[PDB]
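Number of protein chains: 2
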Amino acid sequence: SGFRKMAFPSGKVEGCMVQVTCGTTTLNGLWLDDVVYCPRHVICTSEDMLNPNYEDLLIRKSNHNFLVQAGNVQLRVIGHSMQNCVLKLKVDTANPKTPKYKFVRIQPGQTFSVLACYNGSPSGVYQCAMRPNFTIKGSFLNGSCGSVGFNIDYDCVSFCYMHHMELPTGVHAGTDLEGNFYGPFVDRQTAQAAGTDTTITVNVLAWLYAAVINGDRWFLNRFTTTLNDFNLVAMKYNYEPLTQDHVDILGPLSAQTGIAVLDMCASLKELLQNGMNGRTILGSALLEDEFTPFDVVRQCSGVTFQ
Amino acid sequence: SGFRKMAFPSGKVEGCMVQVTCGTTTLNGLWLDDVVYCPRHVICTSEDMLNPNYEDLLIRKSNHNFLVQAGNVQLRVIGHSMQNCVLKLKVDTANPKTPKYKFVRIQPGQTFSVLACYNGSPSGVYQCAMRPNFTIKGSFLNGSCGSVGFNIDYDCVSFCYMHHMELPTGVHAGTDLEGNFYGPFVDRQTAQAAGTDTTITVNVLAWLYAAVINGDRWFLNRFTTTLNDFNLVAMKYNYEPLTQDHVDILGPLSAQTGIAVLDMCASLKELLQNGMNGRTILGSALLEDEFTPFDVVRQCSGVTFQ
C-alpha cells in the first residue's frame, strides 16, 4: 500500500545525457545512436535573443563550433542540422548506452518523468503532468535547458519532452523531441504567458480510486449522478468535461473497487461543493489531478520495467 | 523556479539490483562488489513466519539453496552469512557496475530516495522522509522486500534503507544496510504498530523558505517570536521542538531570503493557529514537512551529481 508521486527509474536516460557548448552557451543534450539532440537556442547569443533568426544563425556555424562532452570524453561533431526547435548534431560515435526508444508526443493530462540536468549531469528525477494549457509545473534552474521528459514501457524509453524555458508564472514550456512546442509558445523572449488552465477531471477520479484502494473511503456516498449532471458541476469548478471514453478508461479501477464510475462522480461532486471539511485524501488536502488511470493501476498493482 | 518532490537519479542503484530466490520465496537483493545483501526473511517459509529462529534456519541452508539472478545472468553463491536482519551472500562475481558507496544510517526527519523493485527489476523512484516514529510513508506492494533507499553525494551512493515490511496503518518499516531496524519493529508478524508521530518542524520552516524563494509570500507577517514562545505553540499542534542547531541550519536560507528564522517561526505560528484560509503554499493546502533544509537548498540552487 501507499501512494507516491513516482517516477520511472532514470538510469536508461542518465546514460544518454551529454553537455553541448556553443560559444559561451552551455546546455544539455540527448545522445542516442550517433545523434545529439538539444534545444536550438544553444546557437543564440545575449543579443541574438530578442527575435533570432535561426536558419541564418545555423548556416554561420560549423561542426567545430559545437563542443559535445559525454562525461569526461569529448565527442566529435561531424554534422549539424535543425529540426524545428531542436538541433541535431551527428557525432562520430554511437552512444553504446542507447536504450531502445521512441519519440512520442503526449496529450494534455498525461504524465511523464523528468530527469533534471545541468551541464550534462543528472540532478534529480520527478513526475509531471502536461497541463491542459500545455505547460508543465516543473522544477528547473538556469542551465536545465535540454533536460528531457520520458516514460518507460518494458525496456523502451518513450521520450516526450525537451525543456526550453520558464514562463513568467514560474511554469515551464518545451517541445517534443521533433522540436515542436507543446502549446502556443516560442523559444524567444516575448511577453508570452501560460493562459487559462483547467483541472484534469479523469485524473482526479483515478486518484479517488487510488485512495479507496488504499483505505480512504470517507468521501464515498450512496448517491449517483448522470454524466450530464456531473459535467454541469464540473464546468462551474473549472474541471474538464468527462467523456464516455474517460468512463471506459476508468472501468478496471471501478471493477476492483466495486464503485461505479458515476458513483465516484457523485462523490467528486460533493467534494467540489463541500470541500474536504478538514480531512485529507492520500495525505493531500486538495483534489490531486496529476495521476492518470494508468499511473494508479501501475502503482496499485505493481508492474516493473526491463 | 518550481518545487517538486525530487529523487536522486536512480541509475547507479539500478545497476546493483538483483533477484534472490530461496525455496518458494523471491525478493530483491543489492549487489555490491562480490556481496548480495537482502532481507534475511528470504529463508523463511509460510509457517516459519510466526516466531522464526534465524540462526537455526540459516545453518540448515547451503550455498546452492540461494538462486541469485542479475538480469538474465545467474550468479553463483559461494558463501552466506547473516548480519542482524540482513543476509549477506558472497558471489563469485564482483558487480562491475558497483558505484562508490557507503552504508549510512539516517536520522528521523532526514529524507532519501527509494528505488521500488520487484523480482530484481526497478519499478519506480520516489522521495521519502524517515518519520519521527521511524516509519516511512512508502509505496510498496508484495515483492518489494529488499528495495533500497539512498542518497547520492557527488558520485557516492549512501545506502540508508532496506525495505522489510508494511505495518497495519499502511506505513513501512525497514533496516539500515547493517540489518538494524529503524524503530521498535521486527521482521516477524506480531501486532506491532507505528505509534505516535509528530511533524518535523525544521522541515516545515525549510519549505516555507522554499515557498518564499519561489514567490509565495502571503503567509509572511511583521511579527517575530522567541524560540521559547514558538516551542510552546509547536507543542500544542504536535510539532517537534525547534533547537538552536535547527536555527543555525536554517541560516543560509534565512540569509538569501532576508527573513529571520524567528520571523518565519512567527509565520508558522499564525499558520498553525489560523489555518490557510483556502490558499495554498507551493501547490499544497497542508504544511509540508518532508523536505530538509538541504533538499530546499539543493533544488532552489541546483547542484548535480557525477
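Top line first, the protein sequences correspond to chains A and B.
Position in the first sequence counted from 1, then plus 3263, gives you full-length UniProt numbering.
Position in the second sequence counted from 1, then plus 3263, gives you full-length UniProt numbering.
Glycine is no exception: its CB is placed at the ideal position from the N, C-alpha and C atoms.
Subject >> Within chain A, partners of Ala3548 of chain B - CB distance below 8 Å >> reply: As a position in the second sequence, residue 3548 of chain B is number 285, starting the count at 1. When 8 Å is used as the limit between beta carbons, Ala3548 of chain B is near these residues of chain A: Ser3547, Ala3548, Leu3549, in chain order.
Subject >> Contact set between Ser3410 of chain B and chain A, taken where Cβ atoms lie within less than 7 Å >> reply: On the second sequence, position 147 is the one that residue 3410 of chain B refers to. Neighbours of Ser3410 of chain B in chain A, taken as residues at a C-beta separation under 7 Å, are lacking, since the least C-beta distance is about 11 Å.
**OP:** Return no unless some Cβ of chain B is closer than 7 Å to the Cβ of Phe3366 of chain A.
**Re:** Here residue 3366 of chain A is taken as the residue at index 103 of the first sequence, counted from 1. Answer no: the Cβ-Cβ gap between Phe3366 of chain A and chain B never drops below 7 Å.
Original post:
Which residue comes first and which comes last in the beta strand (DSSP E) that contains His3435 of chain B?
Top reply: What you label residue 3435 of chain B is simply residue 172 of the second sequence in a count that begins at 1. Unbroken beta strand (DSSP E) run through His3435 of chain B: 3435 to 3438.
Original post:
Which ranges would you report for the alpha helix (DSSP H) in the region 3287 to 3344 of chain A if only whole runs of at least 4 residues count?
Top reply: Taken in chain order, the complete alpha helix (DSSP H) segments of 4 or more residues contained in the region 3287 to 3344 of chain A are 3317 to 3322.
Original post:
Can you pull the DSSP bridge partners for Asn3414 of chain B?
Top reply: Locating residue 3414 of chain B in the second sequence gives position 151, where the first residue counts as 1. Bridge partners of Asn3414 of chain B: B:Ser3421.
**OP:** State yes or no: is the C-beta of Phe3422 of chain B within less than 7 Å of the C-beta of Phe3413 of chain B?
**Re:** Indexing the second sequence from 1 puts residue 3422 of chain B at position 159. Indexing the second sequence from 1 puts residue 3413 of chain B at position 150. Result yes, Cβ atoms of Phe3422 of chain B and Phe3413 of chain B sit closer than 7 Å.
Subject >> Coarse secondary structure for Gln3373 of chain B, derived from DSSP in three states >> reply: Numbered from its first residue, the second sequence carries residue 3373 of chain B at position 110. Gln3373 of chain B: coil per DSSP, three-state reduction.
**OP:** Kindly confirm or deny that the region 3426 to 3445 of chain A and the region 3477 to 3493 of chain A touch, where touching means at least three C-beta pairs closer than 8 Å.
**Re:** no
Original post:
Should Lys3268 of chain A be labelled buried (16 or more other beta-carbon atoms within 10 Å of its own) or exposed?
Top reply: By one-based count along the first sequence, residue 3268 of chain A stands at place 5. Flag for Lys3268 of chain A reads buried.
**OP:** Taking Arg3267 of chain A as the query, report the chain B residues whose CB atoms sit under 9 Å from its CB, ordered along the chain.
**Re:** Here residue 3267 of chain A corresponds to residue number 4 of the first sequence, with the count starting at 1. By Cβ distance, chain B contributes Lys3268, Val3377, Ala3379, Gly3387, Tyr3389, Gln3390, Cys3391, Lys3400, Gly3401, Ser3402.
**OP:** Could you check if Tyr3472 of chain A is buried or exposed, using at least 16 other CB atoms within 10 Å of its CB as the buried criterion?
**Re:** Looking up residue 3472 of chain A in the first sequence gives position 209. Flag for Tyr3472 of chain A reads buried.
**OP:** Could you tell me which residues DSSP puts in a beta bridge with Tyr3364 of chain B?
**Re:** To locate residue 3364 of chain B, count along the second sequence from 1; it is residue 101. As DSSP reads the structure, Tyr3364 of chain B sits in a beta bridge with B:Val3420.
Subject >> Best match in A:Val3299, A:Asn3316, A:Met3345, A:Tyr3364 for proximity to residue 3572 of chain A [C-alpha to C-alpha] >> reply: It is not possible to answer for residue 3572 of chain A, since the shown part of chain A is limited to 3264 through 3569.
**OP:** In angstroms with no decimal places, state the Cα-to-Cα distance between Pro3556 of chain A and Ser3376 of chain A.
**Re:** In the first sequence, the residue the question calls residue 3556 of chain A occupies position 293. In the first sequence, the residue the question calls residue 3376 of chain A occupies position 113. The straight-line gap from Cα to Cα measures roughly 16 Å.
Subject >> Complete runs of the beta strand (DSSP E) confined to the region 3426 to 3481 of chain A [at least 3 residues] >> reply: 3435 to 3438
Original post:
With which residues is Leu3352 of chain A paired in a DSSP beta bridge?
Top reply: Within the first sequence, the letter at position 89 stands for residue 3352 of chain A. Per DSSP, A:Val3299, A:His3343.
Original post:
What's the gap between the Cα of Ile3322 of chain B and the Cα of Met3428 of chain B?
Top reply: One-based indexing of the second sequence puts residue 3322 of chain B at position 59. One-based indexing of the second sequence puts residue 3428 of chain B at position 165. Straight-line spacing of the CA atoms in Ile3322 of chain B and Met3428 of chain B works out to 24 Å.
Subject >> Below-7 Å beta-carbon distance, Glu3310 of chain B vs any chain A residue >> reply: Residue 3310 of chain B sits at position 47 when you count from the first residue of the second sequence. Not one chain A Cβ lies under 7 Å of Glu3310 of chain B.
**OP:** In the DSSP assignment, find the beta strand (DSSP E) that holds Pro3385 of chain B and state where it starts and stops.
**Re:** Taking the first residue of the second sequence as 1, we reach residue 3385 of chain B at position 122. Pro3385 of chain B -> beta strand (DSSP E) spans 3384 to 3392.
Original post:
With contact counted as at least three CB pairs below 8 Å, one residue from each stretch, are the region 3383 to 3403 of chain A and the region 3351 to 3368 of chain A in contact?
Top reply: no
Original post:
At a Cβ threshold of 7 Å, is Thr3462 of chain B touching chain A?
Top reply: Residue numbering aside, residue 3462 of chain B sits at position 199 when the second sequence is read from its first letter. No, its Cβ sits nowhere closer than 7 Å to a Cβ of chain A.
Subject >> Buried or exposed (CB count within 10 angstroms, at least 16 for buried), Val3331 of chain A >> reply: Locating residue 3331 of chain A in the first sequence gives position 68, where the first residue counts as 1. Label assigned to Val3331 of chain A: buried.
Original post:
Does the region 3466 to 3481 of chain A come close enough to the region 3507 to 3522 of chain A that 3 or more CB-CB pairs lie under 8 Å?
Top reply: yes
Subject >> When A:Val3559, A:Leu3550, A:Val3420 are compared against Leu3513 of chain A, the one with the closest alpha-carbon >> reply: Translated into the one-based positions of the first sequence, residue 3513 of chain A becomes position 250. The residue with the shortest Cα to Cα distance from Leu3513 of chain A is A:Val3559.
Original post:
So, is the C-beta of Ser3517 of chain A closer than 7 Å to a C-beta in chain B?
Top reply: On the first sequence, position 254 is the one that residue 3517 of chain A refers to. Closer than 7 Å: no.
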